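Structure record follows, encoded as structure tokens.
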Amino acid sequence: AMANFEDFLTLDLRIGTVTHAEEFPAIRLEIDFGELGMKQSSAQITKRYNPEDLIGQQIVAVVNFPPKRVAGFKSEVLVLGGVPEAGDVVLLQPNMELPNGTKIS
Amino acid sequence: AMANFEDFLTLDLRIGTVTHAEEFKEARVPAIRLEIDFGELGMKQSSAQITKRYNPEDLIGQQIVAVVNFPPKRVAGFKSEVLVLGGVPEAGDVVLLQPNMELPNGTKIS
Numbered sequence: 000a001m002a003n004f005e006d007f008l009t010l011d012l013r014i015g016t017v018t019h020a021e022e023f029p030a031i032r033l034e035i036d037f038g039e040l041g042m043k044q045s046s047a048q049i050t051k052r053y054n055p056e057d058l059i060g061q062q063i064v065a066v067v068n069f070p071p072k073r074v075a076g077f078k079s080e081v082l083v084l085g086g087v088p089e090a091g092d093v094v095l096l097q098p099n100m101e102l103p104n105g106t107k108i109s
Numbered sequence: 000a001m002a003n004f005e006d007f008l009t010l011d012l013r014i015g016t017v018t019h020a021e022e023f024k025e026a027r028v029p030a031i032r033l034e035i036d037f038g039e040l041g042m043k044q045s046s047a048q049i050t051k052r053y054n055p056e057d058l059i060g061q062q063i064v065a066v067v068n069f070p071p072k073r074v075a076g077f078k079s080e081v082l083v084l085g086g087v088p089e090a091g092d093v094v095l096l097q098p099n100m101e102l103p104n105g106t107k108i109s
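From first to last, the protein sequence lines are chains B and A.
Residue numbers 0 to 23, 29 to 109, in the authors' numbering, belong to the letters of the first sequence in order.
Just so you know, we're using the authors' numbering here: the second sequence kicks off at 0 and counts up by one.
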């Protein structure tokens with residue numbers, strides 16, 4: 000099914016840096037989005053990522069959806085990844101460091 | 000302004016690998032013309048205004064992220080079939096998105 004570019008333009012895709020990560029199947033993240041401030045995300049990225057690995061990792065997120073609660077944790081942004089098989093995620097990242105809050109287009 | 004998740008679900012974002020790249024002028028703007036392998040979707044062509052930070056040589060074999068289900072974009076005879084995504088920290092400056100680890104071409108993004 001063909002998509003509308005104006006729907007893409009409604010999305011706010013940003014770069015942010017992971018500043019905290021914790022696991023108690030998801031990882032709770034806090035992420036620095038620059039002028040947008042700090043935001044939380046819950047990400048089902050336990051297949052490949054250990055919370056230690058992630059501090060200072062730059063990610064790509066959609067920042068302007070309504071929040072959702074995952075096991076009580078407020079997830080405010082949707083962190084984007086490729087899914088080559090069910091349960092598996094590889095994070096997207098910029099190829100070079102960018103300023104936090106950089107817009108994607 | 001707040002976006003609807005259902006609208007996001009209409010988009011088809013995919014990983015592809017650049018197999019060929021050439022510097023050219025798109026409507027008198029320096030750009031790189033890319034041929035990109037999207038796995039099950041096959042080969043697609045795109046133009047990207049990425050000359051600030053990229054040269055054709057170092058793009059070959061690189062994996063990128065693109066939206067593949069928009070109508071094609073045409074500029075001055077050049078059809079772009081996918082939108083290659085990048086961060087734009089200032090005018091003229093593009094840093095490409097990439098997967099953090101290797102993925103099969105055509106892998107879907109969510």
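From the three backbone atoms N, C-alpha and C, an ideal C-beta is built for every residue, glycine too.
Where the beta strand (DSSP E) through residue i begins and ends
i                      : result
residue 130 of chain A : Nothing in the structure corresponds to residue 130 of chain A, since chain A is present only between 0 and 109.
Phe77 of chain B       : 77-79
residue 114 of chain A : Not covered by the structure: residue 114 of chain A. The range shown for chain A is 0 to 109.
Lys43 of chain B       : 42-47
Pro29 of chain A       : 28-36
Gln62 of chain B       : 62-66
residue 116 of chain A : The requested residue 116 of chain A does not occur in the structure, where chain A is confined to residues 0 to 109.
Delimiting residues of the alpha helix (DSSP H) encompassing residue i
i                : result
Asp92 of chain B : Where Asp92 of chain B is concerned, there is no enclosing alpha helix (DSSP H), given that its DSSP letter is neither H nor E.
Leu8 of chain A  : 4-8
When the options are compared against residue i, the one with the closest alpha-carbon
i                 : options                            : result
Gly105 of chain A : A:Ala26, A:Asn3, A:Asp36, A:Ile59  : A:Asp36
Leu58 of chain B  : B:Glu101, B:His19, B:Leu10         : B:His19
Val66 of chain B  : B:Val74, B:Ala75, B:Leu84, B:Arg73 : B:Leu84
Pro103 of chain B : B:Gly38, B:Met1, B:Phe23           : B:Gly38
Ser79 of chain B  : B:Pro55, B:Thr9, B:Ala0, B:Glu34   : B:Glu34
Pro55 of chain B  : B:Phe7, B:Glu22, B:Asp6            : B:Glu22
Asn3 of chain B   : A:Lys72, A:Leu10, A:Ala0           : A:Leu10
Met1 of chain A   : B:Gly41, B:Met42, B:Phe7           : B:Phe7
Residue i and residue j closer than 8 Å at C-beta
i                : j                 : result
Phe69 of chain B : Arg32 of chain B  : no
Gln44 of chain A : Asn99 of chain B  : no
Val74 of chain B : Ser46 of chain B  : yes
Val81 of chain A : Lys107 of chain B : no
Any non-hydrogen atom of the ligand NAD within 7 Å of residue i CB
i                 : result
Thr106 of chain B : This structure lacks the ligand NAD; in fact it carries no ligand of any kind.
On the three-pair Cβ rule with 8 Å, is the segment 83-96 of chain B touching the segment 49-56 of chain B?
In this structure the segment 83-96 of chain B lies against the segment 49-56 of chain B, because at least three pairs of beta carbons, one per stretch, are closer than 8 Å.
So does the segment 58-69 of chain B actually touch the segment 8-16 of chain A, counting three or more Cβ pairs closer than 8 Å?
Between the segment 58-69 of chain B and the segment 8-16 of chain A, the count of C-beta pairs closer than 8 Å stays below three; the two stretches do not touch.
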